[PDB]
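J.: The structure is given below, and queries will be raised subsequently.
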2 protein chains.
Amino acid sequence: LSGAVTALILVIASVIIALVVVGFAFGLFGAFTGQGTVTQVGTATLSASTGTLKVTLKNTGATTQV
Amino acid sequence: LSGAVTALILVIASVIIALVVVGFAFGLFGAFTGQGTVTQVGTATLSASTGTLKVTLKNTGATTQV
């Protein structure tokens with residue numbers, strides 16, 4: 001009964017492996033969308049006195065660092 | 001009457017052994033299906049302050065441990 005049980009245990013475990021792959025793919029597809037994008041909308045000015053940059057940055061995503 | 005009784009006791013005991021094998025195989029087939037599978041559906045976030053992970057895990061099986 002090696003073929004009666006072994007291919008059965010493979011076809012049970014393969015459902016688990018396939019669902020883990022599909023869940024990881026959907027989690028990655030959720031992750032890279034809302035990961036965070038930043039662009040400029042505001043036409044920044046660079047002061048020559050101290051280097052202070054008054055920039056305007058649009059961010060439709062998550063919290064980032066400069 | 002060695003052949004009249006001995007092959008008889010073997011053919012009686014072999015039914016017991018075969019039924020134990022078939023019952024164990026069906027119990028194993030019941031066991032590995034509902035043993036417990038866990039996947040991700042929820043696109044977890046990892047906070048960098050304390051390492052707190054807010055995950056969402058789908059579990060169509062039994063109680064497991066991390």
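By convention in this document, the chains of the structure tokens carry letters A, B, ... by their order, each chain's residues are numbered from 1, and ligands are numbered from 1 in the order they are shown.
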Against stretch 9-31 of chain A, which residues of stretch 6-63 of chain B fall within 7 Å? For each one I want the closest pair of atoms and the distance in Å (one decimal), counting only C-alpha atoms, rows by chain and increasing residue number, as a tab-separated table.

T.:
```
residue	atom	partner	partner_atom	distance
B:33	CA	A:12	CA	6.4
B:37	CA	A:16	CA	6.2
B:39	CA	A:20	CA	5.1
B:40	CA	A:23	CA	5.2
B:41	CA	A:23	CA	5.5
B:42	CA	A:27	CA	6.3
B:43	CA	A:27	CA	4.6
```

J.: Go ahead and dump the residues you just picked, N, CA, C and O atoms, as a CSV table (one decimal), in the first residue's frame.

T.:
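What follows is the written file result-v3.csv:
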```csv
chain,number,residue,atom,x,y,z
B,33,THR,N,-5.1,15.1,6.7
B,33,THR,CA,-5.9,16.1,6.0
B,33,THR,C,-6.2,17.2,7.0
B,33,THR,O,-5.9,18.4,6.7
B,37,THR,N,-3.3,23.6,8.4
B,37,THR,CA,-2.5,24.4,7.5
B,37,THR,C,-2.7,25.9,7.8
B,37,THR,O,-3.8,26.3,8.2
B,39,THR,N,-1.7,29.9,6.3
B,39,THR,CA,-1.1,30.7,5.2
B,39,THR,C,-1.4,32.2,5.6
B,39,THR,O,-2.1,32.5,6.6
B,40,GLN,N,-0.8,33.1,4.8
B,40,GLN,CA,-1.0,34.5,5.0
B,40,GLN,C,-2.0,35.1,4.0
B,40,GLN,O,-1.9,34.8,2.8
B,41,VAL,N,-2.9,35.9,4.5
B,41,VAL,CA,-3.9,36.6,3.6
B,41,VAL,C,-3.8,38.1,3.8
B,41,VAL,O,-4.5,38.9,3.0
B,42,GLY,N,-3.0,38.7,4.7
B,42,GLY,CA,-3.3,40.0,5.2
B,42,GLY,C,-2.3,41.1,5.0
B,42,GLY,O,-2.6,42.2,5.5
B,43,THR,N,-1.1,40.8,4.4
B,43,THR,CA,-0.1,41.8,4.1
B,43,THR,C,0.4,42.6,5.4
B,43,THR,O,0.0,43.7,5.6
```

J.: To test your reading of the structure, identify every residue in chain A that backbone DSSP assigns to strand (DSSP E), and report it as a short mmCIF file (atom, residue, chain, number, x, y, z; two decimals) with C-alpha atoms, in the first residue's frame.

T.:
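Written file, selection.cif:
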```cif
data_model
loop_
_atom_site.label_atom_id
_atom_site.label_comp_id
_atom_site.auth_asym_id
_atom_site.auth_seq_id
_atom_site.Cartn_x
_atom_site.Cartn_y
_atom_site.Cartn_z
CA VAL A 38 6.86 60.26 -3.02
CA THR A 39 7.04 62.93 -5.72
CA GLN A 40 7.45 66.70 -5.90
CA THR A 45 13.54 76.98 -3.24
CA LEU A 46 17.14 76.55 -2.09
CA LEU A 53 15.40 73.70 1.39
CA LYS A 54 11.67 74.46 1.48
CA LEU A 57 6.49 66.39 -1.35
CA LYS A 58 3.34 64.45 -2.19
CA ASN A 59 3.16 61.05 -0.48
#
```

J.: From a DSSP pass on the backbone, collect the residues of chain B flagged as alpha helix (DSSP H) and hand them back as a ChimeraX atom specification.

T.: /B:2-33

J.: Just to confirm, what's the straight-line distance from atom CA of residue A:36 to atom CA of residue B:51 in Å (one decimal)?

T.: 19.7 Å
